[PDB]
2 protein chains.
Amino acid sequence: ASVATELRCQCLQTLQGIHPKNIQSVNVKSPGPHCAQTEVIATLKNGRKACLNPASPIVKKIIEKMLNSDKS
Amino acid sequence: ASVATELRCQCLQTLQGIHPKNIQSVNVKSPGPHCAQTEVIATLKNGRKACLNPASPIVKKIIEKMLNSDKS
């Protein structure tokens, strides 16, 4: 028994590039429905998720650094 | 009634940067469990998903281009 908002989305409050170690992945979507906003959720190691500001510089790192860590 | 493999994962067969229009987002995960492989799933507009080779050059574009499309 509750009311649903017309946004819903999933971002917490877009953090400014937190530290990884837990951060195992991330998702990036575009606007469309009433959320009409981007999407930038970093799935935490425990299977959680956070949103960050890709427009942010440090956070734009979060994408690139999350992209890094390969060629093992 | 069926048997489960020891990989499961989700990747289709990592495409080499397909065309967007439908592609609305993507997810990028790292190795860990028996899948022990990366993750690069582009969620389709219809709410589907595909995997692509980020090691691939065209596909490394798929990440950057998916990153593009903002500042509206």
# chains A, B, ... in the order shown; residues from 1 in each chain; ligands from 1
>>> select_by_dssp(residues="chain B", states="helix (DSSP H, G or I)", output="NGL selection string")
:B and (57-67)
>>> residues_around(residues="stretch 4-10 of chain A", least_positions_apart="2", cutoff="9 Å", atoms="only C-alpha atoms", output="NGL selection string")
:A and (2 or 12 or 33-37 or 39 or 41 or 49-51)
>>> write_last_selection(atoms="N, CA, C and O atoms", output="short mmCIF file (atom, residue, chain, number, x, y, z; two decimals), in the first residue's frame")
data_model
loop_
_atom_site.label_atom_id
_atom_site.label_comp_id
_atom_site.auth_asym_id
_atom_site.auth_seq_id
_atom_site.Cartn_x
_atom_site.Cartn_y
_atom_site.Cartn_z
N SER A 2 1.13 1.82 -1.16
CA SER A 2 1.98 3.04 -1.24
C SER A 2 1.78 3.72 -2.61
O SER A 2 1.20 3.16 -3.51
N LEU A 12 21.33 7.05 -6.89
CA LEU A 12 21.20 7.43 -5.45
C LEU A 12 21.13 8.96 -5.40
O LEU A 12 20.11 9.55 -5.10
N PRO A 33 11.80 8.12 -20.93
CA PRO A 33 10.50 8.24 -20.25
C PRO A 33 10.47 9.47 -19.34
O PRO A 33 11.24 10.40 -19.52
N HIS A 34 9.57 9.51 -18.38
CA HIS A 34 9.48 10.70 -17.47
C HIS A 34 10.78 10.90 -16.67
O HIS A 34 11.06 12.00 -16.24
N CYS A 35 11.59 9.87 -16.51
CA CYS A 35 12.89 10.09 -15.79
C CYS A 35 13.67 11.09 -16.64
O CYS A 35 14.28 12.02 -16.13
N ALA A 36 13.58 10.94 -17.95
CA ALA A 36 14.22 11.88 -18.92
C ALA A 36 15.59 12.36 -18.45
O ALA A 36 15.93 13.53 -18.55
N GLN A 37 16.37 11.46 -17.94
CA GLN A 37 17.74 11.80 -17.46
C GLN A 37 18.68 10.67 -17.84
O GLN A 37 18.26 9.59 -18.21
N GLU A 39 21.92 7.92 -17.04
CA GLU A 39 21.99 6.82 -16.05
C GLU A 39 23.45 6.49 -15.91
O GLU A 39 24.16 6.40 -16.89
N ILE A 41 25.01 4.11 -13.17
CA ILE A 41 25.01 3.34 -11.91
C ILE A 41 26.21 2.39 -11.80
O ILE A 41 26.34 1.46 -12.56
N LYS A 49 24.44 -0.68 -5.99
CA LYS A 49 24.61 0.24 -7.14
C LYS A 49 24.65 1.69 -6.67
O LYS A 49 24.04 2.06 -5.68
N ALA A 50 25.36 2.50 -7.39
CA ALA A 50 25.44 3.95 -7.04
C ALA A 50 25.41 4.75 -8.32
O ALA A 50 25.77 4.26 -9.35
N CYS A 51 25.05 6.00 -8.26
CA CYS A 51 25.08 6.80 -9.49
C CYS A 51 26.13 7.87 -9.29
O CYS A 51 26.40 8.27 -8.18
#
>>> residues_around(residues="residue A:46", least_positions_apart="6", cutoff="10 Å", atoms="only C-alpha atoms", output="list in words")
residues 22, 23 and 24 of chain A
>>> write_last_selection(atoms="N, CA and C atoms", output="compact mmCIF listing (two decimals), in the first residue's frame")
# COMPACT_ATOMS: atom_id res chain seq x y z
N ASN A 22 35.26 -2.10 -4.09
CA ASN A 22 33.94 -2.77 -4.04
C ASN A 22 33.35 -2.63 -5.44
N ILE A 23 33.32 -1.42 -5.92
CA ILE A 23 32.80 -1.11 -7.28
C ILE A 23 33.33 -2.15 -8.28
N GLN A 24 32.47 -3.03 -8.73
CA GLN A 24 32.88 -4.10 -9.68
C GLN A 24 32.37 -3.78 -11.09
>>> interface_residues(of="chain B", to="chain A", cutoff="7 Å", atoms="only C-alpha atoms", output="list in words")
residues 24, 25, 26, 27, 28, 29 and 30 of chain B
>>> write_last_selection(atoms="N, CA, C and O atoms", output="compact mmCIF listing (two decimals), in the first residue's frame")
# COMPACT_ATOMS: atom_id res chain seq x y z
N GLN B 24 20.24 1.69 -25.82
CA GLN B 24 19.96 2.83 -24.93
C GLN B 24 20.96 2.87 -23.77
O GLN B 24 21.12 3.89 -23.12
N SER B 25 21.63 1.77 -23.49
CA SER B 25 22.60 1.77 -22.36
C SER B 25 23.55 0.59 -22.45
O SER B 25 23.51 -0.19 -23.38
N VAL B 26 24.39 0.45 -21.46
CA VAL B 26 25.35 -0.69 -21.43
C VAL B 26 25.87 -0.89 -20.01
O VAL B 26 25.88 0.01 -19.19
N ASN B 27 26.32 -2.08 -19.73
CA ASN B 27 26.87 -2.40 -18.41
C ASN B 27 28.28 -2.94 -18.59
O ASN B 27 28.56 -3.68 -19.52
N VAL B 28 29.17 -2.60 -17.71
CA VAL B 28 30.56 -3.11 -17.82
C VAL B 28 31.00 -3.68 -16.47
O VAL B 28 31.17 -2.96 -15.50
N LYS B 29 31.15 -4.98 -16.42
CA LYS B 29 31.55 -5.66 -15.15
C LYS B 29 32.93 -6.30 -15.30
O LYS B 29 33.46 -6.42 -16.39
N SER B 30 33.51 -6.73 -14.20
CA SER B 30 34.86 -7.37 -14.24
C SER B 30 34.71 -8.87 -13.91
O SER B 30 33.61 -9.33 -13.63
>>> select_by_dssp(residues="chain B", states="strand (DSSP E)", output="compact mmCIF listing (two decimals) with N, CA, C and O atoms, in the first residue's frame")
# COMPACT_ATOMS: atom_id res chain seq x y z
N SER B 25 21.63 1.77 -23.49
CA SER B 25 22.60 1.77 -22.36
C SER B 25 23.55 0.59 -22.45
O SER B 25 23.51 -0.19 -23.38
N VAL B 26 24.39 0.45 -21.46
CA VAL B 26 25.35 -0.69 -21.43
C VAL B 26 25.87 -0.89 -20.01
O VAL B 26 25.88 0.01 -19.19
N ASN B 27 26.32 -2.08 -19.73
CA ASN B 27 26.87 -2.40 -18.41
C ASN B 27 28.28 -2.94 -18.59
O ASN B 27 28.56 -3.68 -19.52
N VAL B 28 29.17 -2.60 -17.71
CA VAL B 28 30.56 -3.11 -17.82
C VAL B 28 31.00 -3.68 -16.47
O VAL B 28 31.17 -2.96 -15.50
N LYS B 29 31.15 -4.98 -16.42
CA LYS B 29 31.55 -5.66 -15.15
C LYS B 29 32.93 -6.30 -15.30
O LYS B 29 33.46 -6.42 -16.39
N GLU B 39 32.73 -7.95 -18.61
CA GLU B 39 31.29 -7.85 -18.90
C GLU B 39 31.10 -6.57 -19.67
O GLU B 39 31.67 -5.55 -19.33
N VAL B 40 30.36 -6.63 -20.70
CA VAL B 40 30.19 -5.43 -21.51
C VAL B 40 28.84 -5.56 -22.23
O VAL B 40 28.78 -5.83 -23.41
N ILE B 41 27.77 -5.45 -21.48
CA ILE B 41 26.42 -5.66 -22.06
C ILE B 41 25.71 -4.34 -22.40
O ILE B 41 25.40 -3.56 -21.53
N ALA B 42 25.41 -4.13 -23.65
CA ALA B 42 24.67 -2.90 -24.05
C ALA B 42 23.18 -3.20 -23.99
O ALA B 42 22.67 -3.99 -24.76
N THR B 43 22.46 -2.58 -23.08
CA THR B 43 21.01 -2.86 -22.99
C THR B 43 20.30 -2.21 -24.16
O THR B 43 20.42 -1.02 -24.41
N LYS B 49 19.70 -6.96 -24.25
CA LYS B 49 21.12 -6.71 -23.92
C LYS B 49 22.04 -7.44 -24.89
O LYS B 49 21.72 -8.49 -25.41
N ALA B 50 23.20 -6.88 -25.11
CA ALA B 50 24.19 -7.53 -26.02
C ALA B 50 25.57 -7.34 -25.44
O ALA B 50 25.79 -6.43 -24.70
N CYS B 51 26.51 -8.15 -25.81
CA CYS B 51 27.87 -7.94 -25.30
C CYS B 51 28.74 -7.58 -26.48
O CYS B 51 28.46 -7.97 -27.59
